[PDB]
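One structure below.
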């Protein structure tokens, strides 16, 4: 989990940083994504329109810019603060330990 710049890439098999269990299971608290990007606080309208602000959706409970995803899958998928991305995967990757059955 977490890390610094080193891998010239990202998205699943692009950047380092391994996850555990369900990277997008309402966990993490890293508020980061990859090696120089965040989740973009859902409300900070400046670089890019994050998404349906806490007015249309049933106020689920987004942790500001805490790298995460609305529903689920395996890894989060939210924009970043860096005005040169608009989208990035949280610093979480398949670790060579945990497995998956269901």
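Each position is counted from 1, following the chain as shown.
Yeah, the Cβs are placed from backbone N, Cα and C, and that goes for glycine too.
The cloning artifact feature in the PDB entry is assigned to 1-6.
Residues or ranges marked as N-linked glycosylation site by Swiss-Prot: 11, 91. According to Swiss-Prot, the domain 'Kringle 13' annotation covers 17-95. Under the heading disulfide bond, Swiss-Prot lists 18-95, 39-78, 67-90.
Positions of Swiss-Prot features highlighted on the structure.
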{"residue": "11", "record": "N-linked glycosylation site", "contacts (Cβ under 8 Å, 6+ apart)": "88, 89"}
{"residue": "18", "record": "disulfide bond", "contacts (Cβ under 8 Å, 6+ apart)": "1, 92, 93, 94, 95, 96"}
{"residue": "39", "record": "disulfide bond", "contacts (Cβ under 8 Å, 6+ apart)": "31, 32, 33, 64, 65, 66, 67, 68, 76, 78, 79, 80, 90"}
{"residue": "91", "record": "N-linked glycosylation site", "contacts (Cβ under 8 Å, 6+ apart)": "1, 2, 3, 15, 16, 17, 30, 32, 33, 34, 35, 67"}
Determine the Cβ neighbour count for residue 67 (disulfide bond): the number of other Cβ atoms within 10 Å of its Cβ.
29
So which of the disulfide-bonded residues is most packed in, judged by how many other Cβ atoms lie within 10 Å of its Cβ, out of 90, 95?
90
Residue 78 (disulfide bond): tally of other CB atoms within 10 A of its CB:
25
